[PDB]
């Protein structure tokens, strides 16, 4: 079986704007038999008033609430059109917004019924001047988060604390059960002269606490290969060491290409397969 549980569409402001249909055709060409469309859920309007850093990171983050009806219509159309070649799931990559669980829970309670899969991801942390992006750019990440927390490791620990909160969070019945790329704090590794070969003992303990909790919650993890194709990253989310700990805990992994265009489809799938061994 070949499944991709993390893909995006033309409804993504920062995507390549390729049509999801062309992405689905490519996935079929590459023998995938299960495919999930988890587009970025609209951010909280309140949340957007409390951010700092590059505005593009926010304005470009996701589609508007008004686009929702159109998103579901298009995706439900593609789902049926290709049901014969691919089992397509429709959902959202839901942003865990620290301090805004009510908003998220309300959003999920309303639109959750129209979804069939999902991913809960941490993309913003409190930083210099307000909420800051973890993945917009190396310079932005450095000024908004790394310097704010005191250093790369301090940033790692604040990031994992956020991941821990997203797992513990009560976001209703429709809360995603697959945690997105749980080592996103490494996306700009090399810009800080860092890599996954030397996670400190504290960082490792937080990962162990996080994993034990994922198991207890009976959640699963997004094995995201996007990192293998980012200039300053070069690693899968999460790295081998974490994958091994998770597997030993029988925590399920679902391959996630995090595709934002046709050319991303299927990327790093072999790595995913081998890394699980």
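Numbering follows the first chain given and starts at 1.
Asker: Quick check: 227-235 versus 48-56, which has the larger average CA B-factor in the record?
Answerer: Comparing averages over the C-alpha atoms only gives 227-235.
Asker: Comparing 124-132 with 80-88, where is the mean C-alpha B-factor higher?
Answerer: So the stretch with the higher mean C-alpha B-factor is 80-88.
Asker: Mind checking which third residue 222 falls in for C-alpha B-factor across the chain?
Answerer: Its C-alpha B-factor, which the entry lists for residue 222, ranks in the lowest third among residues of this chain.
Asker: Compare the C-alpha B factor of residue 256 with those of the other modelled residues in its chain, then answer lowest, middle or highest third.
Answerer: Lowest third of the chain for residue 256's C-alpha B-factor.
Asker: Against its chain's modelled residues, does residue 73's Cα B factor rank lowest, middle or highest third?
Answerer: Middle third by C-alpha B-factor.
Asker: Sort the modelled residues of this chain by their C-alpha B factor and say whether residue 101 lands in the lowest, middle or highest third.
Answerer: According to the entry, residue 101 has a C-alpha B-factor in the chain's highest third.
Asker: By the record's CA B-factor, is residue 159 among the lowest, middle or highest third of residues in the chain?
Answerer: Its C-alpha B-factor, which the entry lists for residue 159, ranks in the lowest third among residues of this chain.
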